[PDB]
Amino acid sequence: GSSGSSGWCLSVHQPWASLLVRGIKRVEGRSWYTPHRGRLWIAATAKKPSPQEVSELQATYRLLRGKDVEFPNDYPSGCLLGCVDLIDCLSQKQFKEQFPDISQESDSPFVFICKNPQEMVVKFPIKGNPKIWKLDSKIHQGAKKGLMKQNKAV
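Numbering follows this note's numbering, with no gaps: position 33 of the sequence shown is 228.
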């Protein structure tokens, strides 16, 4: 019937986190389901991406989307990167069923399909969480502003 059209933010574990707002990860892995459909800000958790996951994922995705993929210069932590439009959230079953091309991209039971990945120009000192949490009134705006400019790639 109705839902809070507020700017929510879902933290992610790098590098994936960045890969999302970058345009490589069009899906999110979570052990829970979120009927939230619309805009969802992606933030990089406090965890740091290992040199094994980045190097591996870099080559892994390169063959999943194309060696001509993109990749960030670094991977920050505890800051808002960008945002992704959550189209739908399928499960290990539906996800692959409909999106069998990215059935491996995620392992979680409930995959959150996102699109229009954009990385904000300015990051804010925020804390991530394994679940969905309403952004800070002050952050909401700033985040909407950081979308004034993008990298040279896009």
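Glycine included, every Cβ here is placed at the ideal spot set by N, Cα and C.
So, does the region 209 to 219 touch the region 269 to 279, judging by three or more C-beta pairs under 8 Å? Contact holds: three or more Cβ-Cβ distances are below 8 Å.
Hey, how far is the Cα of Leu285 from the Cα of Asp296? Near 13 Å, if we compare the C-alpha coordinates of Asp296 and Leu285.
Compare the Cα-Cα distances from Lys347 to each of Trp236, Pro320, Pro267, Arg225 and report the closest residue. Of the listed residues, the one whose Cα sits closest to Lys347 is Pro267.
With distances taken between CB atoms, is the gap from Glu314 to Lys220 smaller than 8 Å? Contact: no.
Should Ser226 go down as buried or exposed, given a rule of 16 or more other Cβ atoms within 10 Å for buried? So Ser226 ends up on the exposed side.
Let me check understanding here. Comparing Cα to Cα, which of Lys291, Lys318, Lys326, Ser332 lies closest to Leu342? For the residues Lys291, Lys318, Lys326, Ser332, the minimum Cα distance to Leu342 belongs to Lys318.
Pull up the CB-CB distance for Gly323 and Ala238, whole angstroms please, since I reckon it's below 8 Å. Approximately 5 Å separates the beta-carbon atoms of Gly323 and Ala238; this is inside 8 Å, confirming the contact.
Applying the criterion that 16 or more other CB atoms from any shown protein chain within 10 Å of the CB defines a buried residue, is residue 168 buried or exposed? Absent from the model: residue 168. The displayed extent of the chain is 196 to 349, so no value can be given.
Helix or strand or just coil, what does DSSP make of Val264? Collapsing the DSSP output to three states places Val264 in coil.
Per-residue DSSP class, three states only, for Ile219: Three-state DSSP puts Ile219 in coil, outside helix and strand.
Whole-angstrom Cβ separation of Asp283 and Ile308, contact assumed at under 8 Å? With a Cβ gap of about 5 Å, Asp283 and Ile308 count as contacting.
Neighbourhood of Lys242 by C-beta distance below 8 Å, restricted to the same chain and skipping five residues each side: When the five nearest sequence neighbours on each side are left out, the beta carbons in the same chain lying within less than 8 Å of the beta carbon of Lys242 are those of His208, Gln209, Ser272, in order along the chain.
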